[PDB]
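Novice: Could you have a look at this structure, given as structure tokens, before my questions?
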Amino acid sequence: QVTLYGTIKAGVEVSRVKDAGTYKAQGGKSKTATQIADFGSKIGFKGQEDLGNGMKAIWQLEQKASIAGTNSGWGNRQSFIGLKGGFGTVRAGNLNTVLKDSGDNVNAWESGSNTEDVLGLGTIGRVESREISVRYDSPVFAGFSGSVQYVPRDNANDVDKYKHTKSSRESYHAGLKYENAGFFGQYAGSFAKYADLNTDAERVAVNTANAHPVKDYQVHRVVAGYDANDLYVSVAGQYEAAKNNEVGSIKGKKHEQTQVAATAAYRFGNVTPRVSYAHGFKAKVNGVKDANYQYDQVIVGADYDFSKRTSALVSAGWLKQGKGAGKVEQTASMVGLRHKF
Amino acid sequence: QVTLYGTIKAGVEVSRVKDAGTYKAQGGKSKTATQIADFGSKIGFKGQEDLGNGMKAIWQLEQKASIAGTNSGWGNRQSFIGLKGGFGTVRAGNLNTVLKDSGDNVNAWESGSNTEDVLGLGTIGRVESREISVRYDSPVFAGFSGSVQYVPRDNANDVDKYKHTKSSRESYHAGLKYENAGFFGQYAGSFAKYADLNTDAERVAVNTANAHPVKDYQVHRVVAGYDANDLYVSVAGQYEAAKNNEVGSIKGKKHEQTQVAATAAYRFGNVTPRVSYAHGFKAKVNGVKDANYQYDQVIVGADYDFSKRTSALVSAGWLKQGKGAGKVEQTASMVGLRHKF
Amino acid sequence: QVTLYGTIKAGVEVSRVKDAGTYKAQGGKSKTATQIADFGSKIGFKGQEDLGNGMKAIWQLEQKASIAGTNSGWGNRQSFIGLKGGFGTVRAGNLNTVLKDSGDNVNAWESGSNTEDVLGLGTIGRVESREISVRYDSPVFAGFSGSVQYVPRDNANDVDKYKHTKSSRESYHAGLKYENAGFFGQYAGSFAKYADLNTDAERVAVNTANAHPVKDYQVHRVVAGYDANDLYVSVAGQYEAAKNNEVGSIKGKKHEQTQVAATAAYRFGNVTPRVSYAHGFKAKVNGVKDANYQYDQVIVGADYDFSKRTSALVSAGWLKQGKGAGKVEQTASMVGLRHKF
Ligand SMILES: OC[C@H]1O[C@@H](O)[C@H](O)[C@@H](O)[C@H]1O
Ligand SMILES: OC[C@H]1O[C@@H](O)[C@H](O)[C@@H](O)[C@H]1O
Ligand SMILES: OC[C@H]1O[C@@H](O)[C@H](O)[C@@H](O)[C@H]1O
Ligand SMILES: [Cs+]
Ligand SMILES: [Cs+]
Ligand SMILES: [Cs+]
Ligand SMILES: [Cs+]
Ligand SMILES: [Cs+]
Ligand SMILES: [Cs+]
Numbered sequence: 001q002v003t004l005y006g007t008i009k010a011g012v013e014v015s016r017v018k019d020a021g022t023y024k025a026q027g028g029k030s031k032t033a034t035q036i037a038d039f040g041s042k043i044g045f046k047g048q049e050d051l052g053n054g055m056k057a058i059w060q061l062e063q064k065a066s067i068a069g070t071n072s073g074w075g076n077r078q079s080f081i082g083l084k085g086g087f088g089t090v091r092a093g094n095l096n097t098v099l100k101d102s103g104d105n106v107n108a109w110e111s112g113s114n115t116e117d118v119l120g121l122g123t124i125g126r127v128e129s130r131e132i133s134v135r136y137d138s139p140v141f142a143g144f145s146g147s148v149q150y151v152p153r154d155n156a157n158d159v160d161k162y163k164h165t166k167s168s169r170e171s172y173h174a175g176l177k178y179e180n181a182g183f184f185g186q187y188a189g190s191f192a193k194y195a196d197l198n199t200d201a202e203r204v205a206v207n208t209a210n211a212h213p214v215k216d217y218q219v220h221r222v223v224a225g226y227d228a229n230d231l232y233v234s235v236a237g238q239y240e241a242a243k244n245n246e247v248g249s250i251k252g253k254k255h256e257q258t259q260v261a262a263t264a265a266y267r268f269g270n271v272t273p274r275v276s277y278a279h280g281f282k283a284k285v286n287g288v289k290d291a292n293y294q295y296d297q298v299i300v301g302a303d304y305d306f307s308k309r310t311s312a313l314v315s316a317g318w319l320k321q322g323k324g325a326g327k328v329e330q331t332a333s334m335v336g337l338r339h340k341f
Numbered sequence: 001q002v003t004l005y006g007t008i009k010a011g012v013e014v015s016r017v018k019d020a021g022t023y024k025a026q027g028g029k030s031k032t033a034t035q036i037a038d039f040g041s042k043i044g045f046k047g048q049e050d051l052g053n054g055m056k057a058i059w060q061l062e063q064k065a066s067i068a069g070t071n072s073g074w075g076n077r078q079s080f081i082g083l084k085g086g087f088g089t090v091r092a093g094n095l096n097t098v099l100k101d102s103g104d105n106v107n108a109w110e111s112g113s114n115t116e117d118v119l120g121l122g123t124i125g126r127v128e129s130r131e132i133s134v135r136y137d138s139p140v141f142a143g144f145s146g147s148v149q150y151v152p153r154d155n156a157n158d159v160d161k162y163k164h165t166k167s168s169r170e171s172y173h174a175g176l177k178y179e180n181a182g183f184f185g186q187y188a189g190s191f192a193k194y195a196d197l198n199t200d201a202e203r204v205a206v207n208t209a210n211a212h213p214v215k216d217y218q219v220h221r222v223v224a225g226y227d228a229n230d231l232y233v234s235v236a237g238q239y240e241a242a243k244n245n246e247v248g249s250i251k252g253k254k255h256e257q258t259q260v261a262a263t264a265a266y267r268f269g270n271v272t273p274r275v276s277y278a279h280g281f282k283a284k285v286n287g288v289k290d291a292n293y294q295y296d297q298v299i300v301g302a303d304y305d306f307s308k309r310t311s312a313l314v315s316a317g318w319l320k321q322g323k324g325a326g327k328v329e330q331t332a333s334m335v336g337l338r339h340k341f
Numbered sequence: 001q002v003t004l005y006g007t008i009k010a011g012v013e014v015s016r017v018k019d020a021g022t023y024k025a026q027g028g029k030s031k032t033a034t035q036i037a038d039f040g041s042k043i044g045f046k047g048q049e050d051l052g053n054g055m056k057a058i059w060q061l062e063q064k065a066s067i068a069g070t071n072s073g074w075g076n077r078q079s080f081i082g083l084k085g086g087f088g089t090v091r092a093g094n095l096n097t098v099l100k101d102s103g104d105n106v107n108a109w110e111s112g113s114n115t116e117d118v119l120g121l122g123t124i125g126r127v128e129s130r131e132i133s134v135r136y137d138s139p140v141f142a143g144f145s146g147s148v149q150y151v152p153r154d155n156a157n158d159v160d161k162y163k164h165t166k167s168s169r170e171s172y173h174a175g176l177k178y179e180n181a182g183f184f185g186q187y188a189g190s191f192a193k194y195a196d197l198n199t200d201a202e203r204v205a206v207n208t209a210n211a212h213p214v215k216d217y218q219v220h221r222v223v224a225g226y227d228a229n230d231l232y233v234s235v236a237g238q239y240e241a242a243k244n245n246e247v248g249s250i251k252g253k254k255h256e257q258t259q260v261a262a263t264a265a266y267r268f269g270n271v272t273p274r275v276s277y278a279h280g281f282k283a284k285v286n287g288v289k290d291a292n293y294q295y296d297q298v299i300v301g302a303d304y305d306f307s308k309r310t311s312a313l314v315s316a317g318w319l320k321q322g323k324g325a326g327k328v329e330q331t332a333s334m335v336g337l338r339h340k341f
């Protein structure tokens, strides 16, 4: 037993950026770019086999498959092997981060890469990723279900395998989930004694060029909401903080930012309008308030369901970053199509 | 509903090149090289879903899959998503160029890459390609069927997305087709206000190293012929011209070349002999006659059909390029196998 | 007719290296590295079609598919097209080397790349590989079955296609096999008039940076053993020798090394313990005895079969290389899982 699946999603997206620093014409406005873009098409193979008494073996190989022909490689999307049974589920491989799964109730938009921060809640999703790791998921007991996941010190840094001279970048991920009559709330987060971030607060591999080492890197996320009776509402809160670990005068100083995201949608028959807001409060960088990281964004859109597998998509987004003259505003809109197989 | 398809084609090809400039031994003759080569094996996944009243959703991901293990990546061959119905068909993605489809009645040979110009009509097919774009194909009305296709300015040049400082490389492609009782004629072509060509008259991405910018780049192709009753005959004509747009003394001057190709084949039971000729008249480069682009080529061969999906292939080709001492002659022959699945 | 297959295999492996030259702490011992690693997962598509009277067409595209997401490309594992029938089988493409197939009775261990020499008989398998080539396999007559395979001069070196100025790196591979009532012995080997080796006695492509050209490169392997009644025993012998062909003072001098490998395993119900030993006698490099190439290794382990397709794996290995102060000792152990589909 093995099945083939995936989804092909593409559309045309119009965008324009307002930046006074990089564009000098007309009050900092760039020209409007119109493109055909892949919304992240993917194709995978998964299978399962009953082993006898309550245990089943499970594997999956999923790849990024852009219909523009820009992707390549196997298992770059969730791909794994594991075992399931009464005890729950245990998987190893390129695995989604518990915080990446919790992303399903946080970001419901589709878009191309270039517009992932204005046509989708991309900024609050800068903490999500896939890591080579092991992961446990306990069954659903009384509406409760949980997940614990770990990334080895030698998987987070291979170069340092035999000479442990760099602080371990090993990390733990966990999440808890409660569901009842259409009401659901969940906590998801991750902690890393030592890790590296780029200037976009995203986690990068040790020794990336412009990467800033950090200590006690922790990410927290709580998402609660209602999903049933043609109605969907979702509020999410997220806190991120770490201590500067880059040798120099500012080592030890604190980094932190709070983000909130809101989304609601109603299902009229085959049309589902939807709206989402997101904000990133002023961020503390090296102990000081940094307003460059503050942002406000709102996305409105609707999905037309031709069938349970095919949808037509339309959406627009207004995004503002920073404050003052270093400020950047992004507006974009798209129309596209999604087919799940 | 989703299907798996592709074809595996390989063979051994013998070749020798006669060039007085690069080879000094024996009147300019090179040694004879004999290789095992992939004839362009490929594998793809496509699927369709009825949406209700006369509309069907359609997608396809096809990749180059060489059995020599030299290819990599997804959707580098025609890959797309679109909709079909009474109105015809509409597709977006890595799509074949209307001129690339018209190639089916122009080049019927199989070969490895190194011999695509001597074991196949490759020179007349230097205008064919795949471009990220949208494309319309109207139904077949009274033997008539048509196709209109467009490649965005920001898809033909991504770097220039927000600062339109480079002339648009957006292009249009169209073709018309008539079929009646085994008789068929079609026009296919493309126009680009601005584009770039390499010295082989092939279109390359803006800012390729040795790439010459051009203006009013247009390609025309007419192919007519008979295909039925065990008989196949096909004549094709092709015109290409553009104005030099490379800043300097020769900007504005005219480039152009006319190419013709002929092919016929008769089906004795399971054997199908075939022969093809092709010529490239002297080309006008910067207004001046250039005989380096002139060429003559003839390919003879036969296909043995073991079954409708499997064939045995044999072919030879004599090709002469240019005139005089800069002249190059290529001769090659091959025996191979093709399995379609 | 076409089928999908492959296997997903991963596990965690603990390792430590003892080298006095590269590690200075504690008598040359490195720290112990613990990793999650792909044991070489792979996925392929193969198909066959009856052509009529006793002939069938056969093709296969197999790719390395790591569940860690580190592989990419098509047909990098055995991939081919060919014909089968009364006469036996004939294939062309990325094909396994006759010596690579004989590897099945020589190395029965699973492991990640980093531990292929301590958790598997990797050193004796440094002569195995895949080469673009043609290959014949004659049927099994009276327990006897044979294989002859060849790699073209222009496939082993493409750059030199038209100017044969580098000595041909074309090579021949052959093997013979006898099987009777659980008893089986086979010879497998390869010869190359000219070839290139790296310092690990592995064959590399001409013009690799640190590659040493050789002449009369021959590899011999005899493997005999018993496989039936829950019992498996296998002894293998291997000889390798070539003449230095690197221009200089030592050209012409002789290189050679003898390797032996032993493995046995008994099948209690679903558990199969197993043990293997391997030795590499002192090697003659440029006529002189080199003890750096001498080695001793022993691997113990067991496989728990959950089902015919799924197994649980456990293994450990002690490996010593060289002699004296340049000496290197490797110890490693792993626990993992393998699912065949
Ligand atoms: O949020 C959008 C995504 O939803 C998933 O369930 C689906 O597998 C993807 O193809 C994509 O449509
Ligand atoms: O012209 C040759 C080609 O014909 C196509 O129809 C087929 O899909 C390919 O596999 C290749 O055989
Ligand atoms: O030696 C181990 C291998 O055995 C093969 O037969 C199987 O196809 C592979 O998946 C791997 O398990
Ligand atoms: Cs992300
Ligand atoms: Cs990552
Ligand atoms: Cs082409
Ligand atoms: Cs192209
Ligand atoms: Cs090997
Ligand atoms: Cs090789």
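Residue numbers (the authors' numbering), protein chains in the order written: chain X, 1 to 341; chain X', 1 to 341; chain X'', 1 to 341. A prime marks a further copy of an entry chain. Don't be surprised by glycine CBs; every beta carbon is placed ideally from N, CA and C.
Could you tell me the distance, in whole angstroms, from the CA atom of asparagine 292/X to the CA atom of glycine 326/X?
Specialist: Indexing the first sequence from 1 puts residue 292/X at position 292. Indexing the first sequence from 1 puts residue 326/X at position 326. So the alpha carbons of these two residues sit roughly 7 Å apart.
Novice: In the stretch 33–46 of chain X', which residues sit with their C-beta less than 9 Å from some C-beta in chain X'', listed in chain order?
Specialist: Listed by position along the chain: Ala33, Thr34, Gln35, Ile36, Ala37, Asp38, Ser41 and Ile43.
Novice: Assess contact between the stretch 104–117 of chain X'' and the stretch 204–219 of chain X'', defined as three or more Cβ pairs (one per stretch) separated by less than 8 Å. Is contact present?
Specialist: Verdict: no, contact absent.
Novice: For chain X, check one thing: does any of its Cβ atoms lie closer than 7 Å to the Cβ of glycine 317/X''?
Specialist: For the purposes of this step, residue 317/X'' is identified with residue 317 of the third sequence, where counting begins at 1. It does not; no Cβ of chain X falls within 7 Å.
Novice: Less than 7 Å between the beta carbons of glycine 54/X' and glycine 82/X', yes or no?
Specialist: For the purposes of this step, residue 54/X' is taken as the residue at position 54 of the second sequence. For the purposes of this step, residue 82/X' is taken as the residue at position 82 of the second sequence. No, the Cβ-Cβ distance between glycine 54/X' and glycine 82/X' is not below 7 Å.
Novice: Is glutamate 110/X near ligand 4, with its Cβ less than 6 Å from a heavy atom?
Specialist: The count along the first sequence starts at 1 and reaches residue 110/X at position 110. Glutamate 110/X Cβ: outside cutoff for every heavy atom of ligand 4.
Novice: Using a Cβ distance threshold of 8 Å, determine whether the stretch 155–174 of chain X'' contacts the stretch 272–280 of chain X'', with at least three qualifying pairs required.
Specialist: Segments in contact, no.
Novice: Quick check: what's the CA-CA separation for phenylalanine 306/X'' versus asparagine 270/X''?
Specialist: Taking the third sequence and counting its residues from 1, the one referred to as residue 306/X'' is at position 306. Taking the third sequence and counting its residues from 1, the one referred to as residue 270/X'' is at position 270. If I take the Cα positions, the gap works out to 7 Å.
Novice: I'd like to know whether the C-beta atoms of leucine 99/X and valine 134/X end up nearer to each other than 7 Å.
Specialist: To locate residue 99/X, count along the first sequence from 1; it is residue 99. To locate residue 134/X, count along the first sequence from 1; it is residue 134. Not in contact: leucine 99/X and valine 134/X (Cβ atoms no closer than 7 Å).
Novice: Is the Cβ-Cβ distance between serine 190/X' and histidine 173/X' less than 7 Å?
Specialist: Numbered from 1 along the second sequence, position 190 holds the residue referred to as residue 190/X'. Numbered from 1 along the second sequence, position 173 holds the residue referred to as residue 173/X'. Cβ distance < 7 Å, so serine 190/X' and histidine 173/X' count as in contact.
Novice: Could you have a look at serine 167/X and say whether DSSP puts it in helix, strand or coil?
Specialist: To locate residue 167/X, count along the first sequence from 1; it is residue 167. Here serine 167/X sits in coil by DSSP.
Novice: The stretch 44–66 of chain X': which residues have C-beta closer than 9 Å to a C-beta of chain X, in chain order?
Specialist: From the stretch 44–66 of chain X', only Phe45, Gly47, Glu49, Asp50, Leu51, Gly52, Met55, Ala57, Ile58, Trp59, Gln60, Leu61 and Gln63 have a Cβ closer than 9 Å to chain X.
Novice: Would you list the one or two residues that DSSP bridges to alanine 10/X''?
Specialist: Taking the third sequence and counting its residues from 1, the one referred to as residue 10/X'' is at position 10. The partner list for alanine 10/X'' (beta bridge, DSSP) reads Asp38/X'' and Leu337/X''.
Novice: Between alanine 20/X and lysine 323/X, what straight-line distance do the alpha-carbon atoms span, to the nearest angstrom?
Specialist: For the purposes of this step, residue 20/X is taken as residue 20 along the first sequence, with counting starting at 1. For the purposes of this step, residue 323/X is taken as residue 323 along the first sequence, with counting starting at 1. Approximately 12 Å, taken between the alpha carbons.
Novice: Using a Cβ-Cβ cut-off of 7 Å (strictly less than) and excluding sequence neighbours within five positions of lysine 340/X'', which residues of its own chain qualify?
Specialist: The residue labelled residue 340/X'' in the question sits at position 340 within the third sequence. Answer for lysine 340/X'': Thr7 and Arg309, listed in chain order.
Novice: If you measure from each residue's Cβ to the nearest non-hydrogen atom of ligand 7, which ones come out under 7 Å, in chain order?
Specialist: That query returns the following residues: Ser129/X', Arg130/X' and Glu131/X'.
Novice: Along the chain, where does the beta strand (DSSP E) that runs through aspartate 137/X'' open and close?
Specialist: Taking the first residue of the third sequence as 1, we reach residue 137/X'' at position 137. Note, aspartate 137/X'': beta strand (DSSP E), 130–141.
Novice: Could you tell me whether any non-hydrogen atom of ligand 1 is closer than 6 Å to the CB of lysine 340/X?
Specialist: Numbered from its first residue, the first sequence carries residue 340/X at position 340. Yes - ligand 1 has a heavy atom lying nearer than 6 Å to the Cβ of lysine 340/X.
Novice: Would you identify the three-state DSSP class for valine 2/X', choosing helix, strand or coil?
Specialist: As a working mapping, residue 2/X' is identified with position 2 in the second sequence. Three-state DSSP puts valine 2/X' in a strand.
Novice: Are any of the Cβ atoms in chain X nearer than 7 Å to that of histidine 164/X'?
Specialist: Here the question's residue 164/X' lines up with position 164 in the second sequence. Yes, its Cβ sits closer than 7 Å to a Cβ of chain X.
Novice: From the DSSP output, read off the bridge partner residues of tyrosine 277/X'.
Specialist: Stepping through the second sequence from its first residue, residue 277/X' is reached at position 277. According to DSSP, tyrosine 277/X' bridges with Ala262/X' and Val298/X'.
Novice: Check distances from the C-beta atoms of the stretch 110–134 of chain X'' to those of chain X' and list, in chain order, the residues that come in under 9 Å.
Specialist: Of all residues in the stretch 110–134 of chain X'', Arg130, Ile132, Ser133 and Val134 have a Cβ within less than 9 Å of some Cβ in chain X'.
Novice: Let's see if you can read the secondary structure: which residues bound the alpha helix (DSSP H) around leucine 99/X''?
Specialist: Taking the third sequence and counting its residues from 1, one reaches residue 99/X'' at position 99. 98–101 is the extent of the alpha helix (DSSP H) around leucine 99/X''.
Novice: For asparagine 245/X'', which of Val206/X'', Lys64/X'', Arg130/X'' and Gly69/X'' has the nearest alpha-carbon?
Specialist: Taking the first residue of the third sequence as 1, we reach residue 245/X'' at position 245. The shortest C-alpha separation from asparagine 245/X'' is found at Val206/X''.
Novice: What are the boundary residues of the beta strand (DSSP E) that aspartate 290/X'' is part of?
Specialist: The residue given as residue 290/X'' occupies position 290 in the third sequence. Taken as a continuous stretch (DSSP letters only), the beta strand (DSSP E) holding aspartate 290/X'' covers 288–290.
Novice: So, for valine 219/X'': in the same chain, excluding its five sequence neighbours on each side, which residues have a beta-carbon less than 8 Å away from its beta-carbon?
Specialist: Here residue 219/X'' is taken as the residue at index 219 of the third sequence, counted from 1. Result list for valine 219/X'': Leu99, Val127, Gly189, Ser190, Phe191, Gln238, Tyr239 and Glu240, in chain order.
Novice: Give, in chain order, every unbroken run of the beta strand (DSSP E) that is at least 3 residues long and sits entirely within the stretch 140–212 of chain X.
Specialist: Counting only runs of 3 or more, we get 144–151, 171–180 and 183–197.
Novice: Who are the Cβ neighbours of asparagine 229/X' in its own chain at under 8 Å, not counting the five residues just before and after it?
Specialist: The residue given as residue 229/X' occupies position 229 in the second sequence. Closer than 8 Å at the Cβ level, and outside the excluded window around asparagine 229/X', lie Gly182.
Novice: Is there at least one non-hydrogen atom of ligand 4 closer than 6 Å to the beta-carbon of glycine 280/X?
Specialist: As a first step, residue 280/X must be located in the first sequence, where it is residue number 280. Because no heavy atom of ligand 4 lies under 6 Å away, the Cβ of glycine 280/X does not count as near it: no.
Novice: Can you check whether the C-beta of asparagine 94/X' is within less than 7 Å of a C-beta belonging to chain X?
Specialist: Counting from 1 along the second sequence, the entry for residue 94/X' is found at position 94. Interface residue, yes.
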